[PDB]
């Protein structure tokens, strides 16, 4: 499996590692890839796309790297299963409600409720691992 994410300070990156840990504990292999190093073609061969990005700018997806990536794969993901996650600061998840609506609008099936954590996981570490376990059972 593959987990693609963008992280500015390391919060979403830590979530990605914990989600990966959950998948691995379930007995499956998984690779975490920063959005800057992804290969769209190899990624589209995956049955489930696991995507993460922190809340950036005015409650939007990170603009210089993550957003263009989403726009690039948008036309070729209809019917695919996707799991979304990310860290946020002062808001209440607006960017994620929009992200979920967007993915659904592209024809994707959002398999689980998006996982959002405020700031660094810390107390939510097990929640991240459990999310990976749910994804591994799909």
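Residue numbers count along the first chain shown, from 1.
Relative to one another, 7-15 and 119-127 have unequal mean CA B-factors, and 119-127 is the one with the higher figure. Set 20-28 against 110-118 and average the Cα temperature factors; 110-118 ends up higher. Of all the options 87, 45, 74, 104, the entry's greatest CA B-factor is assigned to 45. Sort the chain's modelled residues by C-alpha temperature factor and residue 54 lands in the lowest third, per the entry.
The entry lists a Cα temperature factor for residue 38 that places it in the highest third of the chain's modelled residues. In the PDB entry, a CA B factor belonging to the middle third of its chain's modelled residues is recorded for residue 67.
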